[PDB]
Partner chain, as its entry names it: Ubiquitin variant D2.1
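Just the one chain here, laid out as structure tokens, in the form solved without its partner chain.
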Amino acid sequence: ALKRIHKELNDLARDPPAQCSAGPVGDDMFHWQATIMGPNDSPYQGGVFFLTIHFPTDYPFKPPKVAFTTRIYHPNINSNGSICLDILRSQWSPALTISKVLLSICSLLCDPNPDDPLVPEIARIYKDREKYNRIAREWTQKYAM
């Protein structure tokens, strides 16, 4: 629980993930801001996105609640910033670490799955590349930059 979140923040500093990072906001160990740099595989390249991470009292047995604070254009990301990654829901398991959730989101950022989207409009488009790349690229210019 509390100790686990403390081990995690500790393990995250020792060896961290590339293109991202995170840590507590203020004195509250259950709220973290996390940074995700735009992968080069992806259209968001050169962008900086921030997320909130809320650890429920059930954590590690329930997953953390992760959401994008910075606007993004994705078929798997809500305007609410809710993310559709599966290991955030059915596929979560207690030994998973925040670094893995972060990598998994970059992995999702460079390879979105439209067959299970969070945005019906961008699913249809994604599954016409030229228009989907173009707009993702632009939203990053307004919002990420």
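Residue numbers count along the first chain shown, from 1.
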property	result
Residue 127-residue 128 interval: deposited residues absent from the model	1 to 3
Between the two ranges 107-115 and 84-92, the one averaging a larger CA B factor in the entry	107-115
131-139 set against 5-13, stretch whose average Cα temperature factor tops the other in the entry	131-139
From 40, 52, 57, 79, residue of greatest CA B-factor	40
Entry-reported Cα temperature factor of residue 45, expressed as the chain third it lands in	highest
Where the record places residue 26 (Cα B-factor, split into thirds across the chain)	middle
